[PDB]
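J.: Sharing a structure, written as structure tokens. Questions coming.
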Amino acid sequence: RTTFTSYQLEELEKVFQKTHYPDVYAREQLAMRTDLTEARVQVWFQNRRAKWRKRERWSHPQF
């Protein structure tokens, strides 16, 4: 549908840890392994990059 499964969110996040900016080869390989379309992978990484930067925007040393 438009939700992701649990395994999908695990493997999307695994890639994001290695590189915040997967190129076409990585994104294609992800879409094959998880049965998503390339377009949905691409958008998910645009979304996940903007989440990382929303969290950096008020990052502070932790107590």
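Ordered as shown in the structure tokens, chains take letters A, B, and onward, while each chain numbers its residues from 1 and ligands are numbered from 1 in the order shown.
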Within chain A, find each residue whose DSSP state, derived from the backbone, is alpha helix (DSSP H), and express the selection as a PyMOL selection string.
T.: chain A and resi 6-18+24-34+38-57
J.: With a distance cut-off of 8 Å and only C-alpha atoms, select the neighbouring residues of range 44-51 of chain A, excluding the residue or stretch itself and same-chain residues fewer than 4 positions from it, and output the selection as a PDB file with C-alpha atoms, in the first residue's frame.
T.:
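As a result, part.pdb now contains:
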ATOM      1  CA  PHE A  16      20.663   4.945   5.761  1.00  0.00           C
ATOM      2  CA  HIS A  20      22.556   9.104   3.925  1.00  0.00           C
ATOM      3  CA  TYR A  21      22.769   9.495   0.139  1.00  0.00           C
ATOM      4  CA  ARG A  40       9.172   4.818  -3.163  1.00  0.00           C
ATOM      5  CA  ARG A  55      16.669  16.367  14.607  1.00  0.00           C
TER       6      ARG A  55
END
J.: Pick out the closest residue to residue 35 in chain A from this set: A:3, A:62, A:17, A:8. Count only C-alpha atoms.
T.: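 Among the listed residues, the smallest separation from residue 35 in chain A belongs to A:8.
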J.: Rounded to one decimal place, report the CA of residue 5 in chain A-CA of residue 24 in chain A distance in Å.
T.: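 The value is 22.1 Å.
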